[PDB]
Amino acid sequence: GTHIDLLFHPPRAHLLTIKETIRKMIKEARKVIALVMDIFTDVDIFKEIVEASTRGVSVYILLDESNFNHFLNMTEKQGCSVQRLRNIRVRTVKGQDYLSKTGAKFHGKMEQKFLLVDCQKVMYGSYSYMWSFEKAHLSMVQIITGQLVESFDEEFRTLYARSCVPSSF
């Protein structure tokens, strides 16, 4: 009982771009937005998220730990101290711990990208929220409704349990 549509960038036969469909999904949020993302520097999508939070929507954002400073650098340039917005919680996720042949311990990355709105609709795919995905790259997403959404909801809760408050904060 799952329906899935595809969208591409650059766009193919469909009316809206991937970025226009992201904005739509955020503006249609009534209760909760859950986002997992590797790099987030797109100002227009950030402005939609902040506008949702001001109307009372709870916003939970999980960013790859190694790329977090790109997000922070964006929010400060826009004159926003994001840590002051009580309806938004931003936390970081690490990849696996591993040991290099020089013996230093490192961690890798969270390679996972999805937007989950009101525990009811998902956009999943290879599009990251940065300028290079508008101008440079080819990407694709699924728009998902029905039973599969429940599995994205479980996985979000599992990453949220693992996630940490960012060290800058």
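Numbers follow the displayed sequence, beginning with 1. Here the rigid core means the biggest group of C-alpha atoms that line up within 1.5 Å when the two forms are laid on top of each other.
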request  = Once the rigid core is lined up, would you tell me whether 107-115 or 46-54 has the higher RMS CA deviation in 8 other deposited structures of this protein?
outcome  = 107-115
query = Is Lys101 unresolved, in the sense of carrying no coordinates, in at least a third of the other compared entries?
reply = yes
key: 61-69 or 99-107, whichever carries the higher mean Cα B-factor   = 99-107
note = Averaging the C-alpha temperature factors as deposited, the higher value of 19-27 versus 143-151 falls on 143-151
message = Lowest, middle or highest third: which one holds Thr54 when the chain's residues are ordered by CA B-factor from the entry?
response = highest
message = For the chain shown, is the CA B-factor of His14 in the lowest, middle or highest third of its modelled residues?
response = middle
